[PDB]
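Undergrad:
2 protein chains.
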Amino acid sequence: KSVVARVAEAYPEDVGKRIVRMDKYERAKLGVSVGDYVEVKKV
Amino acid sequence: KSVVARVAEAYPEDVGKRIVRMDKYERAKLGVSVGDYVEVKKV
Numbered sequence: 004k005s006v007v008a009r010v011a012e013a014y015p016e017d018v019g020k021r022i023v024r025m026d027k028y029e030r031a032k033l034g035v036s037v038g039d040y041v042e043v044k045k046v
Numbered sequence: 004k005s006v007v008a009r010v011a012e013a014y015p016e017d018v019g020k021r022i023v024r025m026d027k028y029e030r031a032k033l034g035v036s037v038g039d040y041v042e043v044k045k046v
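Quick mapping for you: the protein sequence lines, in order, are chains A and A'. A prime marks a further copy of an entry chain. With the first sequence counted from 1, adding 3 to any position gets you PDB author numbering. With the second sequence counted from 1, adding 3 to any position gets you PDB author numbering.
Pasting the structure below:
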């Protein structure tokens, strides 16, 4: 399973926290939950 | 090139826009810019 998404700038208070904000639609495609780890690659 | 990140919930106004908010540190590991497309997989 994978999903493609468009990169957008982080929220300032998120900078340096190694998170990726993804909504429930992208998470459902992946079968991931908030707090899970994902691998991100360039397309 | 790839990078691992922890999934976090989207900003409400981002819901349904197929974006992933990633900061300049994660983008630099990937060599991506804002507006580029990435593939996300579960770890």
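Ideal placement from N, C-alpha and C gives every residue a C-beta, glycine not left out.
State the DSSP-derived secondary structure class of residue 42(A'), mapped to helix, strand or coil.
TA: The answer is strand: DSSP assigns residue 42(A') an E or B state.
Undergrad: Do residue 41(A') and residue 35(A) have their C-beta atoms closer together than 7 Å?
TA: No, the Cβ-Cβ distance between residue 41(A') and residue 35(A) is not below 7 Å.
Undergrad: Against chain A', does residue 12(A) count as a neighbour if the rule is that its beta carbon must be under 7 Å from one of theirs?
TA: Yes, contact with chain A'.
Undergrad: Could you please give the first and the last residue of the uninterrupted beta strand (DSSP E) stretch that includes residue 24(A)?
TA: Where residue 24(A) is concerned, the enclosing beta strand (DSSP E) stretches over 22-24.
Undergrad: What are the boundary residues of the beta strand (DSSP E) that includes residue 13(A')?
TA: First-last for residue 13(A'): undefined, no H or E at that position.
Undergrad: Taking just the CA atoms, how far does residue 31(A') sit from residue 38(A)?
TA: Their Cα atoms are separated by approximately 22 Å.
Undergrad: What is the rounded straight-line gap between the Cα of residue 17(A) and the Cα of residue 26(A')?
TA: Those two C-alpha atoms are separated by around 8 Å.
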